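Residue numbers (the authors' numbering), protein chains in the order written: chain B, 103 to 261, 293 to 347, 359 to 503; chain H, 103 to 261, 293 to 347, 359 to 503; chain F, 103 to 261, 293 to 347, 359 to 503; chain D, 103 to 261, 293 to 347, 359 to 503.
Working notes, structure below.
4 protein chains.
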Amino acid sequence: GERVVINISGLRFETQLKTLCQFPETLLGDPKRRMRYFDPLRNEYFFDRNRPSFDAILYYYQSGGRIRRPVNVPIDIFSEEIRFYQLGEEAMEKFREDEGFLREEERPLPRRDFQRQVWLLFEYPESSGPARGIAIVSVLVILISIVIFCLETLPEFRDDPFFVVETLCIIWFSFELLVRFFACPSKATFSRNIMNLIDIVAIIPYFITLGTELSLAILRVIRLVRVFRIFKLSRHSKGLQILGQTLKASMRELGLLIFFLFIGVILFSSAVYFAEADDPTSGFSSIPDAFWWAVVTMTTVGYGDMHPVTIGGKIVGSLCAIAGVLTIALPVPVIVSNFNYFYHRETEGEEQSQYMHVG
Amino acid sequence: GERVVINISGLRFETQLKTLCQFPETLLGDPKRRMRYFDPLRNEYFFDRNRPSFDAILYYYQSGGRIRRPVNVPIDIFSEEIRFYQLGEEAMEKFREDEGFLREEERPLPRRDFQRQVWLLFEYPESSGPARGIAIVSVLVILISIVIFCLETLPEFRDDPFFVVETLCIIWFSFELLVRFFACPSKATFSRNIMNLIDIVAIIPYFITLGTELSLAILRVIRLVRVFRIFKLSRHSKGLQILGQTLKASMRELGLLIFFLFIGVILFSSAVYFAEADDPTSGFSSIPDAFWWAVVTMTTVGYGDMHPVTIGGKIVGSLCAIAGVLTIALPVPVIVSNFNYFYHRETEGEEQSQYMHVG
Amino acid sequence: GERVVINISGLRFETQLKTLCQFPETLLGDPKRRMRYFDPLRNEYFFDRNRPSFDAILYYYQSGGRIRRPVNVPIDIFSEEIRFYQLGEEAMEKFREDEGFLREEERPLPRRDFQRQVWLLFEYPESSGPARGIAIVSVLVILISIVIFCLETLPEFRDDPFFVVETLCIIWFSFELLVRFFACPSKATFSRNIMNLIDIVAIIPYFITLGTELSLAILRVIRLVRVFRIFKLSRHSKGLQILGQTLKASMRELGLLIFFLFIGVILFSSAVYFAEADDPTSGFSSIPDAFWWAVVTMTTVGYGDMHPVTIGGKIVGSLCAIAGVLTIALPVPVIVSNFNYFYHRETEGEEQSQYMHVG
Amino acid sequence: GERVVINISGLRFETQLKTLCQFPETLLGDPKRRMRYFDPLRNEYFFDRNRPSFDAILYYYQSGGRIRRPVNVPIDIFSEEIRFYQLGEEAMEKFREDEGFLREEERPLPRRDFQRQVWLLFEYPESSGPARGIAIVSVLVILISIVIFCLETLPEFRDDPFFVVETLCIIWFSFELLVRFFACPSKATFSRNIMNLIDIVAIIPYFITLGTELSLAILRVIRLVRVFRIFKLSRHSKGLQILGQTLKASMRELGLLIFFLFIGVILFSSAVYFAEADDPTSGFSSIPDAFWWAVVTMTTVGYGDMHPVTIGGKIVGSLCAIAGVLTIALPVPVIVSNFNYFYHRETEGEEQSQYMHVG
């Protein structure tokens, strides 16, 4: 009912007493903690603290829980004022998701001594010595395997000695498969994180080769999954994580690029067909034939096998070359801004934020 | 004449009384509403409200109606303060066009039960069940029709069976034509929204084929309007609306791109002509011939049929390749900023704004 | 010596009296103008004006003349407060060059009635009726002339009838030359504005043809100045003015682009020479020969006449293709930001600024 | 224990006295300097200074040394207030590294009269007359030498007269080598600055030619270091310094570009191999052969020697052309922002900052 006066180093704030009695745990809401800040000659509380920061602390009492931050006060100064006014760890955690820095995820443990030794030994290569030694050999097994796959597709050998070279890798592809299937917090959550479901498609398509030798169009595609062994490098590369979430945060913005271009692939190929169908020398036999000419011009690749020849086709091709810029440059800066939003918060993100946030 | 003191939680404001008597309907302007906020021991009115928000509410009384917003206070907080001070729905609507979020347009009704059932059934596919079922079939009729037009221009059949395939579509192009011509709020405003005038050019150029078979250069162009059937997909695509307004907001900024390039198409073709006219092997027969070489180089497409050969032409072509970047990259970022201005206010625009604006 | 208190609607400011006595013409500095704002019950001056705007007006008295503007207060509100406090037209003009909007240039007059009629008739086409009629015919004379120059270089006529076509233009190129040489504020300043010195190079190189027919390498270049007739279109085009100042504000930033690329033209051509000199089939005869290959790859034009063939040249050409992006994309966004700085202040610039600035 | 009141032109600040007694050298902390600002009728100190600037000066006393700056107050105004309040040269230097402008590096001297004359004569060409005359001749020695190296690789002379032309340069490459080796502050720090270690690789690879004439694959590469003579131009070019630090500040961001592309060079070449291996006419013999096709398409260079022919390869090449944009445009704007961060602070950087910072 009655009101209180709070004097933050010369700046006067006046709220009713019952507003501070919403949160009877904090500094301002507990009548025995603030009694050493009272000033009986002026009937007010004097804090020699930051001036522009208390305007946000007062709003947390009035709004009932919303923690904002003014532009002037930095992160390392506003975080101390939450610690000084004792707003609580629920109030402190609201400064996380307001700012954008997400909390750390607690990892489950296999509640033993054997499986708790080997879980932190391979999943967390920064733990121990051979944990750093298991990472420096896990980069080789994929890197040799992508090279011999590049070496198997060489025309010197295609036009079994390499079988002892590849089985040197797949048993190591089983060696990290076997020791990780059963050492996990739960087999359920081991089948959720996509970084290992993709790895078992490096052991199945080699295994289907053995059952088939001991349907020819299938035999090409089951060696095509041997190009997916380059996706295992995302385990030991921080950059592909940032590229990984960039597409993962732009499922829709990529589909708007493909749809925006595909109208022009229909439109300009049909426009150059109806201006170059009157020529026995013109290569444009069909609109299905002229689909390749469109996507090369709008991407400004410009091969030079296909050529418009009449004057009506060259003005069609001129407007196709201009509109390829505008049908590409519009959706893509939201993909650069999505990438930098993830690039910032991984290499320089939690080095200033969480250093003075959690405490 | 006399002045009043308003105390917004410790911050004192003092205006004359006649300034509050400009708007004798609101909270501060009505002498029986504010009488429960008076403080007879200090001769002032005490509000325990947001501090930096009242600086904008006070300016609305002084300026006579202008509603601004400080940078600090968000949209969801400044909107409550207009609701608390009871500034009025005309004052609340000024927070719309100041912020930029435009009001919703009221749609007219055909004041019946038959035509009011069928107006909301096809124009508003989110209304009912078969309203969502009429949209999933309206995407097929255009999509098959663009495919058979691509299939009619195949060279396997050109070098009537397809007539029963296309008339399967045009009667459906009449089926959405017929039921929408007469079910409308007014036939006048049905002929204003361009999304249906373009649709009737998918029934007229097929109809001119029938009168002509039952002038050869006209027969090509009346099949050229069968490429305009891809423009009907903007009815069931939110993305082409955003691309649609992007060109619609940059009629002038596109014409500055075409004019800026076209000076270089004249200039560099004339410069490479006067350095390569001294060669019987040079392909550059004319400045009308060298127009095609210019627009390919400045767009960095680079076909490779045309080749400058002398040393004087290669330095001309070098400056043509550099200046193609600067004659393209300058006008286009105002077209990316116009696109993102419409991209933001359609998918994430009214999800934070109007959720706490209208009330 | 003594101090004054100024109360801007509840906010108290206190300066010494001698600070207001620096500028004894304004409202606060003149002791008979502010005497109707005095408040003898509080010993202060009460203004019911804008609160955050007076913090900048007070700094103008303390600093001795510097007029700033806070971020919060707009242009149309801060301009009224200078008008209300009567700071003066010298103080008002300091709000121009602080904000960036330059003053209008006063044009000189030929102090007569004949020459003052004809000066505003052609230089200012927005003056009268035929002033708009002289602009619609001044666009034709250059546009026909650029076409017949394009038509003279046609190979149908080169491989005198066109002389009566071109002299139809050059006498009109004399008709705007003659009536503007002598109608001017001064013949001195008529020879300074570059928009007419360039026009007289459309009458001299045609005139040298007549003295020579009534040295063959000169005869080509004196028809090469007939491509400079496209530069006269900047008189009746607002866009080329903005492009004109963009290069005119980036003399240095263009030279940093040409120098940055030219290191790569030396470097990669020498690197591909030393990896492809071991081949009788390689086209790269010299580093002067491989200069053309470098500038085509780094600009991503990619003709396709020149081809690296050995494996050592393809890895050289791969790094040449990547580094062409970084040797182009770095200097150019300061040229887009210079263009938009001039694009904004010509079509939408003085429509909000000077509408409430000068008064 | 007791508190003081400071009145910055109407704005009241109140801190305890012991907070000002942390820094007993400044104006507020020294009880004989502030005694002429006291006001015995109000028991406070009155300063007629800038209002929003003292909120940052007060925080320097409370935080114990941190000097911030509000957004409102400029650099030339906040710097005067540090000078007026006498915060000290250690406090003044904290305004440097907070703002970002680094201090000037003191150069060592050879403590003589001979070597101190010649150190400032060549390293500092802005010192004297012939110091500007030694720079205008130091640009020629490298520029002729890069030309005769371009002239030695001409095919008119390769398919000794030029030896007296090149030794005219290398003795001048010794003339700036000899006079700078021994005139330095220390021979240790002369071997640290990379701008001269690179210069001595313009005298060693010519010297190995003399020992070998008075191993053929070495003879090519020791003339390949004669392309490194273009790197000496960074001594007399301010622009290459800014490009020099741009790569020097993006060692990691360049490696993320090469790694991001190289996944696509593996992926799409393997995808176009498995769709074009079924053709005797297809040029794609191997994935090592198709590596060149990938990096040309993703960079949108598009030579035109290699051509996908089947329909399955053209849809593979279409997605390769699109994804080349997204595998290039993502890392590069952090390299444009790193370049402009160095471009700003060298030509317009210390012209506003240090003009009113150091004093």
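We put the CB at the ideal spot given by N, CA and C, even for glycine.
Cβ neighbours of residue i in the same chain (closer than 8 Å, five flanking residues each side left out)
{"i": "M137(F)", "result": "none"}
{"i": "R114(F)", "result": "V107, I108, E146"}
{"i": "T441(B)", "result": "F412, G461, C464, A465, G468"}
Under 7 Å between C-beta atoms of residue i and residue j
{"i": "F435(H)", "j": "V469(H)", "result": "no"}
{"i": "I236(F)", "j": "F224(F)", "result": "yes"}
{"i": "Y147(D)", "j": "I108(D)", "result": "yes"}
{"i": "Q188(D)", "j": "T121(D)", "result": "no"}
{"i": "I407(F)", "j": "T255(D)", "result": "no"}
{"i": "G446(F)", "j": "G457(D)", "result": "no"}
{"i": "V416(H)", "j": "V460(H)", "result": "yes"}
{"i": "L401(D)", "j": "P475(D)", "result": "yes"}
{"i": "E116(D)", "j": "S319(B)", "result": "no"}
{"i": "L360(F)", "j": "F418(H)", "result": "no"}
{"i": "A316(B)", "j": "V220(B)", "result": "yes"}
{"i": "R205(F)", "j": "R198(F)", "result": "yes"}
Bridge partners - residue i, DSSP secondary structure assignment
{"i": "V445(F)", "result": "According to DSSP, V445(F) bridges with nothing at all."}
{"i": "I108(B)", "result": "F115(B), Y147(B)"}
{"i": "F251(F)", "result": "Beta-bridge pairing links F251(F) to no other residue."}
{"i": "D141(D)", "result": "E146(D)"}
Counted within 10 angstroms of its Cβ, other Cβ atoms place residue i as buried (16 or more) or exposed
{"i": "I479(F)", "result": "buried"}
{"i": "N326(H)", "result": "exposed"}
{"i": "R370(H)", "result": "buried"}
{"i": "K376(F)", "result": "buried"}
{"i": "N145(B)", "result": "exposed"}
{"i": "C464(H)", "result": "buried"}
{"i": "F314(F)", "result": "exposed"}
{"i": "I341(F)", "result": "exposed"}
{"i": "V365(B)", "result": "exposed"}
{"i": "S247(D)", "result": "buried"}
{"i": "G383(D)", "result": "buried"}
{"i": "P142(H)", "result": "exposed"}
{"i": "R379(D)", "result": "buried"}
{"i": "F251(H)", "result": "buried"}
Beta-carbon proximity list for residue i, same chain, < 7 Å, skipping 5 on both sides
{"i": "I179(F)", "result": "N152, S155"}
{"i": "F486(H)", "result": "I386, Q389, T390"}
{"i": "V439(H)", "result": "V409"}
{"i": "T471(B)", "result": "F404, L405, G408, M442"}
Closer than 6 Å: residue i CB and nearest the ligand SAM heavy atom
{"i": "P142(F)", "result": "Looking at this structure, you won't find the ligand SAM or any other ligand, since it has none at all."}
Residues near residue i by beta carbon distance below 6 Å, same chain, minus five either side
{"i": "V243(H)", "result": "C302, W305"}
Chain B contacts from the region 437-454 of chain F (Cβ-Cβ distance under 9 Å): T444, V445, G446, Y447, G448
Against chain B: residues of the region 138-171 of chain H by CB proximity under 9 Å: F148, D150, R151, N152, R153, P154
Residues of the region 187-205 of chain D in Cβ contact with chain B at a cutoff of 7 Å, in chain order, please. none
Cβ-based contacts, 9 Å cut-off: residues of the region 104-118 of chain B near chain H: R105, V107, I108, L113, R114, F115, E116, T117, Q118
Any C-beta of chain F within less than 7 Å: which residues of the region 423-434 of chain H qualify? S429, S430, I431, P432
Taking beta-carbon pairs under 8 Å, can you tell me which members of the region 476-497 of chain B lie near chain H? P477, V478
Within 8 Å of chain D by C-beta, residues of the region 207-220 of chain F in sequence order: none
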